[PDB]
């Protein structure tokens, strides 16, 4: 019932999302789908899962590039690590490359258009949590 949610982002992007989400913490806990989760949101830079947020070509690449490091690194010791890709608001190229990245990882890809859309945060959140639930 405690989930360690890491959040990757470039240029404070992971921090803004962590902040956005924390403002909704009732009693330092979270209500989703009629349940109450204690989430520990840990934004990062260079039960658990990983939010990956990007808003441009550069941020998308950092995420790719960073997942690659973890990949190569992971080899010398991952398949079930609950990723979820979040695109935060030509837009079409972002979605297409993000969706191929999502496809490669077999992870949900969510678009989040009040800087972030609450309904979309929730979908993203249920993404990671249903994946976490699946791994058990």
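Residue numbers count along the first chain shown, from 1.
According to the PDB entry, the deposited sequence contains 4 to 9 residues between residue 77 and residue 78 that lack coordinates. In the deposited entry, the stretch joining residue 99 to residue 100 is continuous, with no residue of the deposited sequence left without coordinates. Judged by mean Cα B factor in the deposited record, 21 to 29 ranks above the other of 120 to 128 and 21 to 29. The deposited model assigns a higher average Cα B-factor to 90 to 98 than to the other stretch when 49 to 57 and 90 to 98 are compared.
Looking only at 70, 110, 41, 63, the residue with the top Cα B factor in the deposited structure is 70. Annotation for residue 7: CA B-factor lies in the lowest third of the chain's modelled residues.
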